[PDB]
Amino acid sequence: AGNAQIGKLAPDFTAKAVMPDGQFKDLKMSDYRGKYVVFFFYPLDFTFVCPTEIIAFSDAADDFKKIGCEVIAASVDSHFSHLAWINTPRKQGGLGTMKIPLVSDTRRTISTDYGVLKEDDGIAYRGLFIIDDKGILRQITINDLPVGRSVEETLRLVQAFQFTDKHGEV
């Protein structure tokens, strides 16, 4: 399934997000046109999987901001689940404040469009997508639920696509 293809416009969408300041907002993918985007899905809120991945990405938000790349996280949980999890401090098992928006895909349409829905669980796989400043998909990464992604590898990829966009290697 999915319309997500390398070299073609990433699937657009409008969805509820908890913004870093804790406020609900309607977020459109096409609103980030003019900057690279790291769009990564996680399965569920709370502790279905370890929250070290989502945290590592929030803490590197500034490494991505420095090279003009926005980072956005998404799951099928409600925007109300996201906020309850953010408003639970880290010292009591919660996420605490985040430096990236969390997107809600309760209709499962975004997961479906990006080819990352695990159909039997109704849950996204650990998908990560790199989208360029014109809205084109440059990179697809999907992992089975037990293994997390690498901030440092994602950073290598974004700088390498940015670099080759303005040069052309040898």
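Residue positions are given as counts along the sequence shown, with the first one as 1.
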*Going by the average Cα B-factor in the PDB entry, point out whether 70-78 or 88-96 comes out higher.*
88-96
_On mean Cα temperature factor in this entry, is 118-126 or 141-149 the higher one?_
118-126
*Should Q159 be placed in the lowest, middle or highest third of its chain by the C-alpha B factor in the entry?*
middle
*Mind checking which third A17 falls in for C-alpha B-factor across the chain?*
highest
*Compared with the other modelled residues in the chain, in which third is the CA B-factor of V37?*
lowest
*Taking the values exactly as deposited, rank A60 by C-alpha B-factor within its chain and report the matching third: lowest, middle or highest.*
middle
_Where the record places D45 (Cα B-factor, split into thirds across the chain)_ = middle
